[PDB]
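In what follows, a structure is listed as structure tokens, so that the remarks can point back to it.
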Amino acid sequence: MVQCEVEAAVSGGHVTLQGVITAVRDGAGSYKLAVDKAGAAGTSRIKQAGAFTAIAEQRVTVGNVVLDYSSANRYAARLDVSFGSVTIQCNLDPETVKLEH
């Protein structure tokens with residue numbers, strides 16, 4: 001059973017966004033992380049789906065994409081983890097990218 005979360009990692013001037021998949025079993029599974037960026041430049045749609053390795057009760061952060069960091073900018077995410085018996089999805093609150101690393 002895979003588990004999913006949605007993170008945003010702010011670095012100096014740039015926010016790296018990716019969803020944290022905790023996976024209760026070590027091995028490899030498949031999941032789809034999409035990021036939604038909405039700022040003064042418009043709404044951009046990020047989508048990465050595939051498979052990656054996950055460790056049991058370990059956090060596996062998926063879909064690392066780097067945005068230009070703005071605390072007032074809307075950066076959200078959605079990760080669907082669909083792999084055999086597991087199927088789940090999560091969504092980032094863009095108001096959390098406030099200096100969260």
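How things are named: the first chain in the structure tokens is A, the next is B, and so on; residues count from 1 in each chain; ligands count from 1 in the order shown.
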
Show me, as a ChimeraX atom specification, the residues that have an atom within 8 Å of residue A:24 when counting only C-alpha atoms, minus same-chain residues fewer than 5 positions from it. /A:1-3,55-58

Store the residues picked out above in a file with N, CA, C and O atoms, as a CSV table (one decimal), in the first residue's frame.
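Result written to selection26.csv:
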chain,number,residue,atom,x,y,z
A,1,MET,N,0.8,-1.2,0.0
A,1,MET,CA,0.0,0.0,0.0
A,1,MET,C,0.9,1.2,0.0
A,1,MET,O,1.6,1.5,0.9
A,2,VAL,N,0.8,2.0,-1.1
A,2,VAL,CA,1.5,3.3,-1.1
A,2,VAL,C,0.6,4.4,-0.5
A,2,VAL,O,-0.6,4.4,-0.5
A,3,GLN,N,1.3,5.4,0.0
A,3,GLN,CA,0.7,6.6,0.6
A,3,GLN,C,1.3,7.8,-0.1
A,3,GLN,O,2.4,7.8,-0.6
A,55,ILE,N,10.5,2.8,-0.5
A,55,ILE,CA,10.9,2.0,0.7
A,55,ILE,C,9.8,2.0,1.7
A,55,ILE,O,9.1,3.0,1.9
A,56,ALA,N,9.6,0.9,2.3
A,56,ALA,CA,8.6,0.7,3.3
A,56,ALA,C,8.7,1.6,4.5
A,56,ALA,O,9.7,1.7,5.1
A,57,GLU,N,7.6,2.4,4.7
A,57,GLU,CA,7.5,3.3,5.8
A,57,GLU,C,8.6,4.4,5.6
A,57,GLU,O,9.0,5.0,6.6
A,58,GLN,N,8.9,4.6,4.4
A,58,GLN,CA,9.9,5.6,4.0
A,58,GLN,C,9.2,6.6,3.1
A,58,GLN,O,8.2,6.3,2.3

Name all residues at most 12 Å from residue A:98 (count only C-alpha atoms; drop same-chain ones fewer than 3 positions away) and give them as a ChimeraX atom specification. /A:7-11,14-15,69-75,93-95,101

Restricting the output to C-alpha atoms, write the selected residues as a PDB file, in the first residue's frame.
ATOM      1  CA  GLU A   7       5.383  18.994  -0.700  1.00  0.00           C
ATOM      2  CA  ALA A   8       6.926  22.206  -1.842  1.00  0.00           C
ATOM      3  CA  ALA A   9      10.613  22.860  -1.160  1.00  0.00           C
ATOM      4  CA  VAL A  10      11.635  26.497  -1.124  1.00  0.00           C
ATOM      5  CA  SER A  11      15.231  27.351  -1.851  1.00  0.00           C
ATOM      6  CA  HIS A  14      13.355  28.922  -6.416  1.00  0.00           C
ATOM      7  CA  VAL A  15      10.726  26.560  -5.079  1.00  0.00           C
ATOM      8  CA  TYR A  69       9.715  31.018  -5.644  1.00  0.00           C
ATOM      9  CA  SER A  70       6.991  33.452  -4.682  1.00  0.00           C
ATOM     10  CA  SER A  71       5.186  33.309  -1.339  1.00  0.00           C
ATOM     11  CA  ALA A  72       2.201  35.000  -2.962  1.00  0.00           C
ATOM     12  CA  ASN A  73       2.226  32.652  -5.946  1.00  0.00           C
ATOM     13  CA  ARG A  74      -0.131  29.711  -6.243  1.00  0.00           C
ATOM     14  CA  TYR A  75       1.813  26.476  -6.432  1.00  0.00           C
ATOM     15  CA  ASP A  93      -2.017  23.692  -0.621  1.00  0.00           C
ATOM     16  CA  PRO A  94      -0.179  26.511  -2.448  1.00  0.00           C
ATOM     17  CA  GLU A  95      -0.258  28.569   0.722  1.00  0.00           C
ATOM     18  CA  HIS A 101      11.779  23.188   2.605  1.00  0.00           C
TER      19      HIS A 101
END

Determine, counting only C-alpha atoms, which protein, DNA and RNA residues have an atom within 12 Å of an atom of residue A:22; residues of the same chain fewer than 4 positions away are not included. Present the result as number ranges by chain. A: 1-6, 26-29, 31, 53-62, 79, 81, 88, 90

Using N, CA, C and O atoms, can you export the residues from the last selection as a short mmCIF file (atom, residue, chain, number, x, y, z; two decimals), in the first residue's frame?
data_model
loop_
_atom_site.label_atom_id
_atom_site.label_comp_id
_atom_site.auth_asym_id
_atom_site.auth_seq_id
_atom_site.Cartn_x
_atom_site.Cartn_y
_atom_site.Cartn_z
N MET A 1 0.85 -1.21 0.00
CA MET A 1 0.00 0.00 0.00
C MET A 1 0.87 1.25 0.00
O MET A 1 1.63 1.48 0.94
N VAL A 2 0.76 2.04 -1.05
CA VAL A 2 1.50 3.29 -1.13
C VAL A 2 0.64 4.43 -0.55
O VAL A 2 -0.59 4.36 -0.54
N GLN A 3 1.32 5.44 -0.04
CA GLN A 3 0.71 6.60 0.57
C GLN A 3 1.28 7.82 -0.12
O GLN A 3 2.39 7.76 -0.64
N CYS A 4 0.55 8.91 -0.16
CA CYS A 4 1.02 10.06 -0.90
C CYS A 4 0.77 11.35 -0.15
O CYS A 4 -0.17 11.46 0.64
N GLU A 5 1.65 12.29 -0.39
CA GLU A 5 1.59 13.61 0.19
C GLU A 5 2.06 14.60 -0.85
O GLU A 5 2.48 14.21 -1.94
N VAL A 6 1.99 15.88 -0.54
CA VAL A 6 2.34 16.90 -1.50
C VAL A 6 3.17 18.01 -0.87
O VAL A 6 2.69 18.78 -0.03
N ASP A 26 8.75 -1.81 0.79
CA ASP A 26 9.93 -1.48 0.01
C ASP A 26 9.94 -2.26 -1.29
O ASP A 26 9.71 -3.47 -1.32
N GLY A 27 10.20 -1.55 -2.37
CA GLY A 27 10.17 -2.14 -3.69
C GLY A 27 10.06 -1.05 -4.73
O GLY A 27 10.77 -0.05 -4.66
N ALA A 28 9.17 -1.23 -5.69
CA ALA A 28 8.94 -0.22 -6.71
C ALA A 28 7.47 -0.21 -7.11
O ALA A 28 6.85 -1.26 -7.25
N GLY A 29 6.93 0.98 -7.30
CA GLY A 29 5.55 1.12 -7.67
C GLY A 29 5.38 2.21 -8.69
O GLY A 29 6.36 2.78 -9.16
N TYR A 31 3.23 5.83 -9.85
CA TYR A 31 2.48 6.98 -9.37
C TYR A 31 2.65 8.17 -10.31
O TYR A 31 3.61 8.22 -11.09
N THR A 53 11.10 3.77 -7.29
CA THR A 53 11.32 2.86 -6.18
C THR A 53 10.88 3.48 -4.87
O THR A 53 11.13 4.66 -4.63
N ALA A 54 10.24 2.69 -4.04
CA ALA A 54 9.74 3.19 -2.77
C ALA A 54 10.11 2.25 -1.64
O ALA A 54 10.06 1.03 -1.79
N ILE A 55 10.50 2.82 -0.51
CA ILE A 55 10.88 2.03 0.66
C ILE A 55 9.76 2.01 1.68
O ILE A 55 9.07 3.02 1.88
N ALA A 56 9.59 0.86 2.32
CA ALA A 56 8.55 0.67 3.32
C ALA A 56 8.68 1.64 4.48
O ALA A 56 9.72 1.70 5.13
N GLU A 57 7.60 2.38 4.71
CA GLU A 57 7.52 3.34 5.80
C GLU A 57 8.58 4.42 5.62
O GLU A 57 9.03 5.05 6.58
N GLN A 58 8.95 4.63 4.37
CA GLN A 58 9.88 5.64 3.97
C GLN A 58 9.18 6.64 3.08
O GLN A 58 8.25 6.30 2.35
N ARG A 59 9.64 7.85 3.15
CA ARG A 59 9.10 8.92 2.33
C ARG A 59 9.82 8.96 0.99
O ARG A 59 11.04 9.09 0.94
N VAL A 60 9.05 8.83 -0.07
CA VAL A 60 9.59 8.90 -1.42
C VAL A 60 9.00 10.10 -2.13
O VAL A 60 7.83 10.12 -2.46
N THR A 61 9.82 11.10 -2.37
CA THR A 61 9.29 12.33 -2.93
C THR A 61 9.34 12.28 -4.44
O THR A 61 10.38 11.99 -5.04
N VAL A 62 8.21 12.56 -5.05
CA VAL A 62 8.02 12.27 -6.45
C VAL A 62 7.66 13.50 -7.28
O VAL A 62 6.85 14.33 -6.86
N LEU A 79 -0.92 14.26 -6.61
CA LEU A 79 -0.24 13.01 -6.90
C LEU A 79 -1.20 11.85 -6.77
O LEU A 79 -1.74 11.59 -5.70
N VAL A 81 -1.40 7.92 -6.83
CA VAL A 81 -0.61 6.71 -6.76
C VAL A 81 -1.50 5.53 -7.09
O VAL A 81 -2.33 5.12 -6.28
N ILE A 88 -4.56 6.13 -4.88
CA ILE A 88 -4.80 7.27 -3.99
C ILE A 88 -4.40 8.56 -4.68
O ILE A 88 -3.77 8.52 -5.73
N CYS A 90 -3.41 12.98 -3.71
CA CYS A 90 -3.26 14.09 -2.77
C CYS A 90 -3.09 15.40 -3.53
O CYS A 90 -2.82 15.39 -4.73
#

If you measure from atom CA of residue A:13 to atom CA of residue A:99, what distance in Å do you get, rounded to one decimal?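 A separation of 10.3 Å between them.
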
As an MDAnalysis selection string, please: all residues of stretch 1-57 of chain A that backbone DSSP puts in strand (DSSP E). chainID A and resid 7:11 14:23 27:39 42:54

Writer output for current selection, C-alpha atoms, as a PDB file, in the first residue's frame:
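Output contents, as saved in part.pdb:
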ATOM      1  CA  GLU A   7       5.383  18.994  -0.700  1.00  0.00           C
ATOM      2  CA  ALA A   8       6.926  22.206  -1.842  1.00  0.00           C
ATOM      3  CA  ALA A   9      10.613  22.860  -1.160  1.00  0.00           C
ATOM      4  CA  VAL A  10      11.635  26.497  -1.124  1.00  0.00           C
ATOM      5  CA  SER A  11      15.231  27.351  -1.851  1.00  0.00           C
ATOM      6  CA  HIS A  14      13.355  28.922  -6.416  1.00  0.00           C
ATOM      7  CA  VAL A  15      10.726  26.560  -5.079  1.00  0.00           C
ATOM      8  CA  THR A  16      11.178  22.876  -5.870  1.00  0.00           C
ATOM      9  CA  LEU A  17       7.867  21.094  -5.740  1.00  0.00           C
ATOM     10  CA  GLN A  18       7.296  17.353  -5.403  1.00  0.00           C
ATOM     11  CA  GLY A  19       4.823  15.027  -3.684  1.00  0.00           C
ATOM     12  CA  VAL A  20       6.005  12.766  -0.846  1.00  0.00           C
ATOM     13  CA  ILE A  21       4.917   9.206  -1.321  1.00  0.00           C
ATOM     14  CA  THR A  22       5.286   7.207   1.826  1.00  0.00           C
ATOM     15  CA  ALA A  23       5.200   3.593   0.875  1.00  0.00           C
ATOM     16  CA  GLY A  27      10.168  -2.135  -3.689  1.00  0.00           C
ATOM     17  CA  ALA A  28       8.936  -0.220  -6.706  1.00  0.00           C
ATOM     18  CA  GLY A  29       5.552   1.121  -7.672  1.00  0.00           C
ATOM     19  CA  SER A  30       3.878   3.529 -10.035  1.00  0.00           C
ATOM     20  CA  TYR A  31       2.477   6.976  -9.366  1.00  0.00           C
ATOM     21  CA  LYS A  32       1.673  10.248 -11.138  1.00  0.00           C
ATOM     22  CA  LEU A  33       2.628  13.653  -9.770  1.00  0.00           C
ATOM     23  CA  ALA A  34       1.229  16.774 -11.359  1.00  0.00           C
ATOM     24  CA  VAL A  35       1.931  20.340 -10.257  1.00  0.00           C
ATOM     25  CA  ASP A  36      -0.269  23.362 -10.834  1.00  0.00           C
ATOM     26  CA  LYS A  37       1.381  26.754 -10.971  1.00  0.00           C
ATOM     27  CA  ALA A  38      -0.747  29.873 -11.053  1.00  0.00           C
ATOM     28  CA  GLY A  39       0.867  33.285 -10.925  1.00  0.00           C
ATOM     29  CA  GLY A  42      -0.681  32.622 -15.889  1.00  0.00           C
ATOM     30  CA  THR A  43      -1.594  29.059 -15.013  1.00  0.00           C
ATOM     31  CA  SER A  44       0.920  26.390 -15.993  1.00  0.00           C
ATOM     32  CA  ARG A  45       0.208  22.672 -15.894  1.00  0.00           C
ATOM     33  CA  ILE A  46       2.969  20.301 -14.767  1.00  0.00           C
ATOM     34  CA  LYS A  47       2.460  16.555 -15.242  1.00  0.00           C
ATOM     35  CA  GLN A  48       4.838  13.635 -14.647  1.00  0.00           C
ATOM     36  CA  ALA A  49       3.581  10.062 -14.460  1.00  0.00           C
ATOM     37  CA  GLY A  50       5.576   6.866 -14.250  1.00  0.00           C
ATOM     38  CA  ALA A  51       7.143   4.511 -11.762  1.00  0.00           C
ATOM     39  CA  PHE A  52       9.871   4.748  -9.143  1.00  0.00           C
ATOM     40  CA  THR A  53      11.316   2.856  -6.183  1.00  0.00           C
ATOM     41  CA  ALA A  54       9.742   3.193  -2.774  1.00  0.00           C
TER      42      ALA A  54
END

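Put simply, atom CA of residue A:41 is 17.3 Å away from atom CA of residue A:65.
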
Could you check how far atom CA of residue A:63 sits from atom CA of residue A:91, in Å to one decimal? 13.0 Å
